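Enquirer: Pasting coords21.cif here (mmCIF, C-alpha atoms and all ligand atoms; chains and numbers go by the auth columns):
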```
data_input
#
loop_
_atom_site.group_PDB
_atom_site.id
_atom_site.type_symbol
_atom_site.label_atom_id
_atom_site.label_comp_id
_atom_site.label_asym_id
_atom_site.label_seq_id
_atom_site.Cartn_x
_atom_site.Cartn_y
_atom_site.Cartn_z
_atom_site.B_iso_or_equiv
_atom_site.auth_seq_id
_atom_site.auth_asym_id
ATOM 1 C CA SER A 1 0.000 0.000 0.000 0.00 1 W
ATOM 2 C CA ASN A 2 0.953 3.715 -0.252 0.00 2 W
ATOM 3 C CA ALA A 3 0.237 5.333 3.165 0.00 3 W
ATOM 4 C CA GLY A 4 1.135 8.767 1.669 0.00 4 W
ATOM 5 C CA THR A 5 2.589 9.849 5.061 0.00 5 W
ATOM 6 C CA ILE A 6 5.889 11.128 3.484 0.00 6 W
ATOM 7 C CA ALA A 7 5.811 13.920 0.856 0.00 7 W
ATOM 8 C CA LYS A 8 6.513 12.940 -2.778 0.00 8 W
ATOM 9 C CA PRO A 9 10.011 13.985 -3.986 0.00 9 W
ATOM 10 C CA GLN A 10 10.196 17.111 -6.229 0.00 10 W
ATOM 11 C CA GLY A 11 13.580 16.118 -7.766 0.00 11 W
ATOM 12 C CA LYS A 12 15.083 12.812 -8.959 0.00 12 W
ATOM 13 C CA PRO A 13 14.856 10.100 -6.251 0.00 13 W
ATOM 14 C CA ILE A 14 18.369 8.881 -5.263 0.00 14 W
ATOM 15 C CA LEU A 15 17.276 6.556 -2.414 0.00 15 W
ATOM 16 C CA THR A 16 14.337 4.160 -2.170 0.00 16 W
ATOM 17 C CA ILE A 17 13.563 2.546 1.209 0.00 17 W
ATOM 18 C CA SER A 18 11.154 -0.394 0.932 0.00 18 W
ATOM 19 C CA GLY A 19 10.028 -3.602 2.618 0.00 19 W
ATOM 20 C CA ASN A 20 8.871 -4.013 6.223 0.00 20 W
ATOM 21 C CA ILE A 21 8.111 -0.258 6.740 0.00 21 W
ATOM 22 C CA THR A 22 5.059 1.843 7.698 0.00 22 W
ATOM 23 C CA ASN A 23 5.508 5.323 6.111 0.00 23 W
ATOM 24 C CA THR A 24 5.615 5.579 2.305 0.00 24 W
ATOM 25 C CA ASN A 25 5.192 7.960 -0.680 0.00 25 W
ATOM 26 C CA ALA A 26 5.031 5.171 -3.329 0.00 26 W
ATOM 27 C CA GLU A 27 3.684 1.574 -3.387 0.00 27 W
ATOM 28 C CA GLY A 28 5.363 -0.028 -0.319 0.00 28 W
ATOM 29 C CA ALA A 29 8.260 2.429 -0.594 0.00 29 W
ATOM 30 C CA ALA A 30 9.670 5.766 0.608 0.00 30 W
ATOM 31 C CA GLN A 31 11.489 7.595 -2.243 0.00 31 W
ATOM 32 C CA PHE A 32 13.880 10.422 -1.287 0.00 32 W
ATOM 33 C CA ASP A 33 15.525 13.081 -3.457 0.00 33 W
ATOM 34 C CA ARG A 34 18.763 14.702 -2.175 0.00 34 W
ATOM 35 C CA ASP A 35 16.843 17.799 -0.915 0.00 35 W
ATOM 36 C CA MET A 36 14.580 15.585 1.290 0.00 36 W
ATOM 37 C CA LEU A 37 17.637 13.799 2.796 0.00 37 W
ATOM 38 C CA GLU A 38 19.472 17.095 3.571 0.00 38 W
ATOM 39 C CA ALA A 39 16.224 18.496 5.111 0.00 39 W
ATOM 40 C CA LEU A 40 16.211 15.663 7.724 0.00 40 W
ATOM 41 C CA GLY A 41 19.318 17.288 9.290 0.00 41 W
ATOM 42 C CA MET A 42 23.003 16.855 8.336 0.00 42 W
ATOM 43 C CA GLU A 43 25.307 15.071 10.861 0.00 43 W
ATOM 44 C CA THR A 44 29.142 14.999 10.643 0.00 44 W
ATOM 45 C CA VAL A 45 31.489 11.971 10.892 0.00 45 W
ATOM 46 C CA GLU A 46 35.248 12.711 10.690 0.00 46 W
ATOM 47 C CA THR A 47 37.344 9.526 10.365 0.00 47 W
ATOM 48 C CA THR A 48 40.096 7.712 8.489 0.00 48 W
ATOM 49 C CA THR A 49 38.784 4.827 6.337 0.00 49 W
ATOM 50 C CA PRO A 50 40.349 1.896 4.434 0.00 50 W
ATOM 51 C CA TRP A 51 39.576 3.724 1.118 0.00 51 W
ATOM 52 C CA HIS A 52 40.507 7.401 1.728 0.00 52 W
ATOM 53 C CA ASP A 53 43.783 9.333 2.318 0.00 53 W
ATOM 54 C CA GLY A 54 44.018 10.553 5.947 0.00 54 W
ATOM 55 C CA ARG A 55 41.113 11.783 8.137 0.00 55 W
ATOM 56 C CA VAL A 56 38.154 12.889 5.939 0.00 56 W
ATOM 57 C CA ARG A 57 34.914 14.697 6.816 0.00 57 W
ATOM 58 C CA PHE A 58 31.599 13.089 5.843 0.00 58 W
ATOM 59 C CA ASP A 59 28.287 14.964 6.186 0.00 59 W
ATOM 60 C CA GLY A 60 25.032 13.033 5.892 0.00 60 W
ATOM 61 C CA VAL A 61 21.718 11.880 7.372 0.00 61 W
ATOM 62 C CA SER A 62 21.443 9.630 10.462 0.00 62 W
ATOM 63 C CA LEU A 63 20.377 6.126 9.314 0.00 63 W
ATOM 64 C CA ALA A 64 18.609 5.669 12.685 0.00 64 W
ATOM 65 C CA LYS A 65 16.553 8.791 11.814 0.00 65 W
ATOM 66 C CA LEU A 66 15.761 7.366 8.328 0.00 66 W
ATOM 67 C CA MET A 67 14.537 4.111 9.911 0.00 67 W
ATOM 68 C CA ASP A 68 12.306 6.208 12.245 0.00 68 W
ATOM 69 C CA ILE A 69 11.030 8.367 9.297 0.00 69 W
ATOM 70 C CA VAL A 70 9.865 5.240 7.370 0.00 70 W
ATOM 71 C CA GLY A 71 8.615 3.414 10.514 0.00 71 W
ATOM 72 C CA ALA A 72 10.902 0.393 10.035 0.00 72 W
ATOM 73 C CA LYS A 73 9.262 -2.678 11.686 0.00 73 W
ATOM 74 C CA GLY A 74 12.074 -5.136 10.902 0.00 74 W
ATOM 75 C CA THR A 75 15.501 -5.625 12.509 0.00 75 W
ATOM 76 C CA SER A 76 17.557 -6.016 9.261 0.00 76 W
ATOM 77 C CA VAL A 77 18.087 -3.758 6.208 0.00 77 W
ATOM 78 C CA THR A 78 19.626 -4.822 2.898 0.00 78 W
ATOM 79 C CA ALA A 79 21.576 -2.076 1.112 0.00 79 W
ATOM 80 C CA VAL A 80 21.628 -2.448 -2.699 0.00 80 W
ATOM 81 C CA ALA A 81 24.214 -0.351 -4.565 0.00 81 W
ATOM 82 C CA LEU A 82 24.376 1.075 -8.108 0.00 82 W
ATOM 83 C CA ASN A 83 27.322 -1.360 -8.746 0.00 83 W
ATOM 84 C CA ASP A 84 25.108 -4.379 -7.651 0.00 84 W
ATOM 85 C CA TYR A 85 26.605 -4.818 -4.130 0.00 85 W
ATOM 86 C CA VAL A 86 24.109 -6.359 -1.645 0.00 86 W
ATOM 87 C CA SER A 87 24.881 -5.893 2.085 0.00 87 W
ATOM 88 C CA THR A 88 22.676 -6.945 5.025 0.00 88 W
ATOM 89 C CA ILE A 89 23.014 -4.568 8.004 0.00 89 W
ATOM 90 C CA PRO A 90 21.440 -5.094 11.455 0.00 90 W
ATOM 91 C CA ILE A 91 19.399 -1.913 12.098 0.00 91 W
ATOM 92 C CA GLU A 92 20.699 -1.864 15.737 0.00 92 W
ATOM 93 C CA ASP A 93 24.104 -0.755 14.298 0.00 93 W
ATOM 94 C CA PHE A 94 22.548 2.631 13.352 0.00 94 W
ATOM 95 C CA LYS A 95 21.652 3.396 17.017 0.00 95 W
ATOM 96 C CA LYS A 96 24.752 1.939 18.764 0.00 96 W
ATOM 97 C CA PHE A 97 27.004 3.956 16.439 0.00 97 W
ATOM 98 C CA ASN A 98 26.512 7.330 14.754 0.00 98 W
ATOM 99 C CA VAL A 99 26.048 5.615 11.364 0.00 99 W
ATOM 100 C CA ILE A 100 25.224 8.073 8.584 0.00 100 W
ATOM 101 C CA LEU A 101 24.181 7.861 4.946 0.00 101 W
ATOM 102 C CA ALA A 102 26.957 10.256 3.785 0.00 102 W
ATOM 103 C CA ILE A 103 26.024 12.862 1.109 0.00 103 W
ATOM 104 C CA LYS A 104 29.164 15.057 1.196 0.00 104 W
ATOM 105 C CA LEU A 105 32.912 14.313 1.442 0.00 105 W
ATOM 106 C CA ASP A 106 35.203 17.214 2.549 0.00 106 W
ATOM 107 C CA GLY A 107 32.280 19.625 1.869 0.00 107 W
ATOM 108 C CA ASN A 108 31.564 18.390 -1.702 0.00 108 W
ATOM 109 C CA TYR A 109 28.776 16.151 -3.043 0.00 109 W
ATOM 110 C CA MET A 110 30.133 12.703 -3.987 0.00 110 W
ATOM 111 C CA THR A 111 30.014 11.686 -7.689 0.00 111 W
ATOM 112 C CA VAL A 112 29.490 7.984 -8.623 0.00 112 W
ATOM 113 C CA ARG A 113 33.284 7.734 -9.308 0.00 113 W
ATOM 114 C CA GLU A 114 33.783 9.040 -5.680 0.00 114 W
ATOM 115 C CA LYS A 115 31.606 6.164 -4.239 0.00 115 W
ATOM 116 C CA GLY A 116 28.487 8.428 -4.175 0.00 116 W
ATOM 117 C CA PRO A 117 25.974 9.828 -4.270 0.00 117 W
ATOM 118 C CA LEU A 118 25.209 7.998 -0.973 0.00 118 W
ATOM 119 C CA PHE A 119 27.651 5.994 1.179 0.00 119 W
ATOM 120 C CA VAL A 120 26.976 4.166 4.503 0.00 120 W
ATOM 121 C CA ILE A 121 29.691 5.504 6.893 0.00 121 W
ATOM 122 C CA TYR A 122 30.537 4.367 10.435 0.00 122 W
ATOM 123 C CA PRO A 123 32.851 6.473 12.685 0.00 123 W
ATOM 124 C CA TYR A 124 35.701 3.872 12.332 0.00 124 W
ATOM 125 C CA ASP A 125 38.384 5.774 14.313 0.00 125 W
ATOM 126 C CA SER A 126 35.971 6.416 17.278 0.00 126 W
ATOM 127 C CA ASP A 127 36.061 2.792 18.536 0.00 127 W
ATOM 128 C CA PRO A 128 38.387 -0.203 17.927 0.00 128 W
ATOM 129 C CA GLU A 129 35.185 -2.324 17.489 0.00 129 W
ATOM 130 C CA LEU A 130 34.497 -0.491 14.190 0.00 130 W
ATOM 131 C CA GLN A 131 38.031 -0.969 12.727 0.00 131 W
ATOM 132 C CA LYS A 132 37.006 -4.406 11.444 0.00 132 W
ATOM 133 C CA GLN A 133 35.927 -5.968 8.128 0.00 133 W
ATOM 134 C CA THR A 134 32.490 -6.589 9.717 0.00 134 W
ATOM 135 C CA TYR A 135 31.769 -2.826 9.545 0.00 135 W
ATOM 136 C CA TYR A 136 33.733 -2.151 6.336 0.00 136 W
ATOM 137 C CA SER A 137 31.429 -4.769 4.616 0.00 137 W
ATOM 138 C CA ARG A 138 28.331 -2.957 6.019 0.00 138 W
ATOM 139 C CA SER A 139 29.703 0.396 4.660 0.00 139 W
ATOM 140 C CA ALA A 140 27.994 0.033 1.264 0.00 140 W
ATOM 141 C CA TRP A 141 29.016 2.776 -1.183 0.00 141 W
ATOM 142 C CA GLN A 142 26.882 4.027 -4.122 0.00 142 W
ATOM 143 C CA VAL A 143 23.713 3.072 -2.170 0.00 143 W
ATOM 144 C CA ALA A 144 20.459 3.189 -4.169 0.00 144 W
ATOM 145 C CA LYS A 145 18.063 1.026 -2.095 0.00 145 W
ATOM 146 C CA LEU A 146 17.490 0.018 1.542 0.00 146 W
ATOM 147 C CA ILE A 147 15.180 -3.032 1.830 0.00 147 W
ATOM 148 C CA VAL A 148 13.924 -3.508 5.428 0.00 148 W
ATOM 149 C CA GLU A 149 13.227 -7.092 6.568 0.00 149 W
HETATM 150 O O1 LIG B . 40.835 3.699 8.673 0.00 201 W
HETATM 151 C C1 LIG B . 40.108 2.704 9.404 0.00 201 W
HETATM 152 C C2 LIG B . 40.948 2.240 10.588 0.00 201 W
HETATM 153 O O2 LIG B . 42.224 1.808 10.110 0.00 201 W
HETATM 154 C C3 LIG B . 43.110 1.342 11.127 0.00 201 W
HETATM 155 O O3 LIG B . 42.512 0.224 11.793 0.00 201 W
HETATM 156 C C4 LIG B . 43.383 2.459 12.128 0.00 201 W
HETATM 157 O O4 LIG B . 44.234 1.979 13.172 0.00 201 W
HETATM 158 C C5 LIG B . 42.066 2.939 12.719 0.00 201 W
HETATM 159 O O5 LIG B . 42.263 4.027 13.631 0.00 201 W
HETATM 160 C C6 LIG B . 41.130 3.366 11.601 0.00 201 W
HETATM 161 O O6 LIG B . 39.868 3.741 12.151 0.00 201 W
HETATM 162 NA NA NA B . 4.547 -3.702 1.106 0.00 202 W
HETATM 163 NA NA NA B . 27.989 -8.795 6.558 0.00 203 W
#
```
Would you give me this structure, written as structure tokens?

Expert:
Amino acid sequence: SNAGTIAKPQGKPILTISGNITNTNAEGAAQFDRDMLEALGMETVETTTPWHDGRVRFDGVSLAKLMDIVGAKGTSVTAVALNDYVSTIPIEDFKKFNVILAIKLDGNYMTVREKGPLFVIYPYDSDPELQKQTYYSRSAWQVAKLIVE
């Protein structure tokens, strides 16, 4: 069903959240353009990563907030990337850690060649627990879809 409890996007959708959710703006899905994501509030994560040179600044939307916006009912979300990557992420990670869906890198929007437009980012250098392949594997870049189960 389409609850119609989230506004329809005015620009091109860059993220579709679907599955075991409550709040939608399409059949069984919540479509978001970049303006809608920025409007939810931008959070900052500064960290080194396995893929970047030195400490970089990511700005993006809290994934815990996105799960609350769509009324996620499940405990698992599958990220699907533009490049075909599929990554299952326990939703509890988003709360425990400041995980963000990054939109900007060092103050600039990320192109597809820069792992954008959306990139799941954990604050790796904030806790030795996060400096592990478990969380690097959950850090899906070029995210297009989040399927809640
Ligand atoms: O760049 C990701 C991680 O790489 C290494 O494990 C560093 O020791 C750690 O501080 C950092 O968070
Ligand atoms: Na549905
Ligand atoms: Na995994």

Enquirer: Do you know which residues are within 10 Å of ligand NA 202 (chain W) using all atoms listed in the file? Can you write them as an MDAnalysis selection string?

Expert: chainID W and resid 1:2 18:22 24 26:29

Enquirer: Hey, which residues come within 12 Å of ligand NA 203 (chain W) if we count all atoms listed in the file? Could you give them as a list in words?

Expert: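 Sorted by chain and then by number, the residues are residues 76, 77, 78, 79, 85, 86, 87, 88, 89, 90, 93, 132, 133, 134, 135, 136, 137, 138, 139 and 140 of chain W.
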
Enquirer: Using all atoms listed in the file, which residue out of W:40, W:56, W:6, W:81 lies closest to ligand LIG 201 (chain W)?

Expert: W:56

Enquirer: Enclose all atoms of ligand LIG 201 (chain W) listed in the file in an axis-aligned box, grow every side by 4 Å, and hand back centre and edge lengths in Å to one decimal, as JSON.

Expert:
```
{"center_x": 42.1, "center_y": 2.1, "center_z": 11.2, "size_x": 12.4, "size_y": 11.8, "size_z": 13.0}
```

Enquirer: For chain W versus ligand LIG 201 (chain W), which residues have an atom no more than 6 Å away, and what is each residue's nearest atom pair and distance in Å rounded to one decimal, using all atoms listed in the file, chain-then-number order, as CSV?

Expert:
```
residue,atom,partner,partner_atom,distance
W:48,CA,W:LIG201,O1,4.1
W:49,CA,W:LIG201,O1,3.3
W:50,CA,W:LIG201,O1,4.6
W:124,CA,W:LIG201,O6,4.2
W:125,CA,W:LIG201,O6,3.3
W:131,CA,W:LIG201,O3,4.7
```

Enquirer: Suppose you want the space between atom CA of residue W:141 and atom CA of residue W:38; what is it in Å?

Expert: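 Calculated distance between atom CA of residue W:141 and atom CA of residue W:38 is 17.9 Å.
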
Enquirer: So what does the PyMOL selection byres (((chain W and resi 5) around 7) and not hetatm) actually pick up in this one, as a PyMOL selection string?

Expert: chain W and resi 3-4+6-7+23-25

Enquirer: I need the output of the PyMOL selection byres (((chain W and resi 46) around 12) and not hetatm) for this file as a ChimeraX atom specification; which residues are they?

Expert: /W:43-45,47-49,52,54-60,98-100,102,104-107,121-126

Enquirer: For the atom pair atom CA of residue W:12 and atom CA of residue W:117, what is the interatomic distance in Å to one decimal place?

Expert: 12.2 Å

Enquirer: Can you tell me how far atom CA of residue W:149 sits from atom CA of residue W:17, in Å to one decimal?

Expert: 11.0 Å

Enquirer: Could you list, as a ChimeraX atom specification, every residue within 10 Å of residue W:84, counting only C-alpha atoms and ignoring same-chain residues fewer than 5 positions away?

Expert: /W:79,142-144

Enquirer: Stretch 75-145 of chain W near stretch 64-69 of chain W within 8 Å: what's each residue's closest atom pair and its distance in Å to one decimal, counting all atoms listed in the file, ordered by chain then ascending residue number, as a Markdown table?

Expert:
```
| residue | atom | partner | partner_atom | distance |
| --- | --- | --- | --- | --- |
| W:91 | CA | W:64 | CA | 7.6 |
| W:94 | CA | W:64 | CA | 5.0 |
| W:95 | CA | W:64 | CA | 5.8 |
| W:99 | CA | W:64 | CA | 7.6 |
```

Enquirer: Given the file shown, determine the residues that the PyMOL selection byres (((chain W and resi 37) around 9) and not hetatm) selects; report them as a PyMOL selection string.

Expert: chain W and resi 15+32-36+38-42+60-61+66+103

Enquirer: Could you tell me which of W:148, W:11, W:70, W:51 comes closest to residue W:115 if we count only C-alpha atoms?

Expert: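 Looking only at the distances to residue W:115, the closest residue turns out to be W:51.
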
Enquirer: Using only C-alpha atoms, which of W:128, W:108, W:146, W:101 sits nearest residue W:74?

Expert: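 The answer is W:146, which sits nearest to residue W:74.
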
Enquirer: Give the answer as one residue: which of W:13, W:97, W:120, W:147 has the shortest atom-to-atom distance to residue W:75, using only C-alpha atoms?

Expert: W:147
